[PDB]
DNA sequence: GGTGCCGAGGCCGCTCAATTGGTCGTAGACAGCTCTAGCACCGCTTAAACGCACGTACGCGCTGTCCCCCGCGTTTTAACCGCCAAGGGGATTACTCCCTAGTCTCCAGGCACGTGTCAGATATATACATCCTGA
DNA sequence: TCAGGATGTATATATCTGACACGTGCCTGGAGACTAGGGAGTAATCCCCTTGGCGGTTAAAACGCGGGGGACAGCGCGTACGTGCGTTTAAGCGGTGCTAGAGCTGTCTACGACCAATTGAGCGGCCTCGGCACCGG
Ligand SMILES: Nc1ncnc2c1ncn2[C@@H]1O[C@H](COP(=O)(O)OP(=O)(O)O)[C@@H](O)[C@H]1O
Ligand code: BEF
Ligand SMILES: [Mg+2]
């Protein structure tokens, strides 16, 4: 087991590393930050000051750590607090590099204006003509802070690496989960910065070795070298049995040793215990029935691997799960089914608009019951989806009911993104919904004005969806938050959702059970850790349960809502009785060749030739 | 037991037995499968029958009874497939197809 | 019982032993003569040397030290003998010989 | 009036630079989509190595460059400098590709 | 008399129907033996060896004249020039 | 309303007019008619499907599902277009 | 007894003979400089085939050139001939 | 000595497609050359098909792939079916 | 697995003619395939040369004649000279 | 000019493939002899080549017109590279059996050899199809 | 545009001969039955690398304008090729004899395949340094 004769080597490097347990790492302690940190406008929360304590302690002890708070607890302000503190108490100006995602760059700029106006900063972005304008200022060194994006740290390394950086800060440090990341190679080699920090809400994703890559970047060899990469786990363990997470004989101490190893430099803080006044954030998963068009398409793609087409016959798509995922979302994404139904269903061909989209996909059917109801209670709902091709289909259906929506996607102009955030967050705003992509809209954004979140489809890893949920569940939210994760009954999405659920267990062993808040030092960790084993058993499989009446119960947060919610529900029933058209597809128009379903000849005789005129007369 | 040739057993007119020997003696591989000579003799018979049909038709159109090299040339070069197979082949005493450019013809 | 390679006793830098193996394995004939690999390896060594020095000369003419596919292309296509040997051959990343027809360029 | 080059001198500017280069002259992605589409006719559910597609592009440009060299002589032989589609058909028919 | 060109078509129509050799045999055979002396002396030819060479050579020339004729037409001519033979051999890859 | 324009690509059109001119410059031509671009797309298409058909035949014979570089090399050697540099 | 070195036998390929070959190729009208150009083309072509045929002949240690020698010589030039064996 | 040829077999095939039509001596010599040429085109390609795949046997599978490589388009389809039927009838009885 | 090539032998020849120049990786694979091409071109002709004369062995004499048939003109004269020199040296030693 | 860094040159450990050594038997070498096909001659018709000259059709150079192609600028688009994810196949390995080479024994299809006779020129006599000229 | 005459094309009939096609004997190569072995079919496992999707920059592509270079039609000239007639040369033929060289048969022996041990050359993997690009001028 030799767990002991591994930490001792760690104790060496902190000693040697410091020269140029927890206590030897934290040699210098300075409890002075409680004073009024000046050049500010707002006031820090009580715990944020404690976070600043942990931050300046790393500065004194010459350490690099991870501000792995939860995904709404003012991580931008805490970093700004450190910058202002160093400029005053340590009196060092420094250049203070900061790396942020593109959509967050406007937010970071705004925070400096209202929290530290005296700090002079350059927002390094724009076309190459704009970016060479900053070069004279950079060489003079008059700036104090520089904000860039992951892209410009690679594109403009030849002029950014020249500056010696008194402190490097990287926001949303998920980008470094890959060790062979091009950003890591450029950052550690070309860029010199003694004092590096990471901000993240999900310190480790699906795999355990990814967290090592973050630590290896922060502390290259002093943490532990890459060449000598001997591990506590020594092997990845991931099987249906969750109570075992390593090749050991049901041993809990091995996990408890990791918590001790990375305790000195990591600061997790939970939303529940740190900030209890936020509302509950209840989460719901609601299934969806498959339309007749989807059911026939999903069957053949899963069985034969082919998409059904017209006689103009089948096409063989390539990534089977990806195609099945698209079918479950909307069968018009393939643009071959849409065009054929553009003609046959009766109206103009090509681009298709109407109640067919209402009826084509089970997920859209359920939205049109939900969205008008949410319009009544004046709730603003922000909606995430994975594929951009789905948004365009989603965008047309939103015009048919005339909803007022904004769409912040990838491939939207960087200049426009800041405005879109402003208009939606405006008080008295007229916009009802705000289309987002998971990858571009899921990162640091303050969409606090929305109270409910619809997750149209789930990602392969769950932490991507957890970022999406917490775009509204942040500091500054006063309304109850409800997350409505759509799903499809008896489809691959359950396998995706269940596989994601399995990845949620590895971090809960390592990060969640650690409780790196410096207050829970007591033995509650083992009380927490052993409580993880028994709740695995109590799960029971659930299928084929749309729960037609329960859905409005799931939206509603008060009884007076039901009084509103029980009006339009019956009105749709009475209105639909006049013209009896199935709410779903329900085999109505499947007479298309899809459901209709389910040169080369012989030798020496068949060869068809043309008469030849050998006569020549 | 009565001896029955492999050509008759495969229903061919070409010598399956001889084709087998030519493959072994030709240094094409260390081993020759049992079905390889049969398959190859059938393909050779097909191509022979395909060209002789067209040549026989060319002989008939010229009111002749015997095939001559001219008729083989007419059969091969008029067929689209056979012309590509025998693109780099020249046939002795075959001549050329009667073909005159349109621009050369009188106005 | 001391081992001396057949390449050395023939004064070659090419593997007579390996060439002897390739002939016996390629089904070229039932038997392979003793002098056939020595003769064949000598010829292959000569052709290699001809290309290599010609490509090497083109490397200096660009004031470079390494041989790249461009230099192999320039060597082969400039020599009328190697060009005829490699008429049907395409050299990847080779480029073409610089050549402009007389009519196209202006001529006052 | 802005400075404008005479017609032809810019087209001839390739002599100094753009005929001594050796990189591929067709974009990678459009070519690769074309290769896969052609292969759909012969076999379904086919996969290509990355180096397999480069080999096809390497041979394709060498073929088209060599064809334009013959097309250019068929144009000059007809006392003109503009290549026309009748020049390609003459060049290919002589080679036996008709 | 006949207008110039009408006898040429009559000759074209005639020779494209026949198949015999278009060259006298003795002049061709003497040419073959002269060329062979440059390579090895005191050689000796089978009768079919010379006939094989003649059949191959006249098929080469007739096929070449078909190619040089298209080059002549391509330049809007009906008369074949020596420059037309050279262009045909250039495209084929014989130059 | 932009979904219709993406499908009307016809990826043979991915061989753009400037790309074809770049090939023509390396071949040494000085002036190009406007009908070359359509003609030279057909010439490339015919050339590719001859080589692709042979490369796939080699692949299918070997029980493989992936076209390797040797399959392309072997196909080209069969058309007398030997290629060096891909093993 | 004494072999006489043949000389200038290319002129045996007469002007009418070249015209007949041109007619079979569909040529309607022939320039005057064609005839010397053709005699050069025939000579170059015919030397290449003789060179290989003699190479095949001397390798077999024979003194006569057979039809197989010519057929094998032609097949390397890329132009197979039917009707003489093989 | 005796010289082998396909003369009698070509003559047998002729009488199945044109029972009245005959063949001349020079034409038979061309047909004899045609069969010999095509035989070596198939066998040579099948030879290196086995070499590419590290096999040491040429089988009816190697012959069929070689036919698909050489014969043009629609002509290859009939040859493949002709060969498969022969090997099928040969194996069964 | 171990894959054989001519890389080291080509590099030895390179330092004989240009002691200082190096060769890139792509240029090295181009040279490697060139040697394979010429090898099977000569070996293929010599094999066919021995079949014509009803021999069953490939000797240096077939290799010599194949060089004349394949290499053009002045290349063949020098290649024959090198091959003859190597065989006499090998036989004497 | 100078700085940078990716690709190449150089070093080491580990096999497996080339070398050495014998043994065998068959391919290749040599001599002798046969006979056939190629080389050379002769004289002869006579068809093909040569030569001369006339006119005429065509190559060729010039000119003028016009419109298509080139070049430039502005906006737009998608290739490119960076990144996420999952799993289909491309390799290996091990086992084992069935197909193929090899042998001997029949034995009958196919080759050379003669033989008979008929399909396809070749020559005669003839009414129509094509041009060249006149109108 | 139609009529006439001349030449040439296409037509029906004897007849004739040399080659196609048939029959015969026979020898050698193919078929039938056996045995021994190893090539390859088959199963199982590992993990490389292929595929589809999004994100965000920016260089290339696209669209349009505008001018002039070049393609094409037309016309006039004059030279060189085609047509035909008459003269000259040498090819094609049918012999004939000579003999040289290819083919065949029989011995004989040296060389190359086969096998079995043995070790080092050649390959994969690694450090390390510099040739070459590149960012500016
Ligand atoms: N002391 C404070 N006063 C006002 N607002 C705060 C304070 N601390 C945090 N916030 C709010 O919390 C939100 C999150 O800030 P940020 O540093 O981005 O944390 P995260 O990265 O977890 O979202 C911001 O919208 C900010 O307005
Ligand atoms: F944690 Be916040 F979403 F930056
Ligand atoms: Mg943040």
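Here chain A follows Swiss-Prot for its numbers: 540-559, 731-1022, 1031-1258, 1292-1349, 1364-1382, in order, are the residues you see.
Using N, Cα and C of the backbone, Cβ positions are placed for all residues, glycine too.
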Listed range which Swiss-Prot flags as motif 'DEGH box', given the options A:877-880, A:881-884, A:885-888:
A:881-884
Report which of A:755, A:1091, A:1365 appears in Swiss-Prot with the annotation SUMO2 cross-link.
A:1365
Could you say whether, by DSSP, residue A:779 (ATP binding site) belongs to a helix, a strand or a coil region?
coil
Cβ under 6 Å from ligand 1: which of the recorded positions A:781, A:1365, A:1382 qualify?
A:781
Annotated recorded positions A:780, A:782, A:786, A:1365, filtered by Cβ under 6 Å to ligand 3:
A:786
Filtered recorded positions, from A:779, A:780, A:784, A:1365, A:1382, whose Cβ is under 6 Å from an atom of ligand 2:
none
Within a 10 Å radius around the Cβ, which one of these recorded positions has the most neighbouring Cβ atoms: A:785, A:1365?
A:785
Integer Cα-Cα distance in angstrom, residue A:780 (ATP binding site) to residue A:1365 (SUMO2 cross-link):
65
Look at the binding-site residues A:779, A:780 and tell me which residue has the greatest number of other C-beta atoms within 10 angstroms of its C-beta.
A:779
So the entry has no coordinates for 8 residues flanked by residue A:1022 and residue A:1031. How far apart are their C-alpha atoms in Å?
7
Other CB atoms, at most 10 A from the CB of residue A:783 (ATP binding site):
23
Cβ neighbours within the same chain of residue A:782 (ATP binding site) - under 8 Å, at least six residues apart:
A:981, A:988, A:1188, A:1191, A:1192, A:1193, A:1195
Compare the Cα of residue A:1382 (phosphoserine) against each of the binding-site residues A:779, A:781, A:784, A:785, A:786 and report the nearest.
A:781
Would you list the DSSP helix, strand and coil counts for the residues of the motif 'DEGH box' (A:881-884)?
2 helix, 1 strand, 1 coil
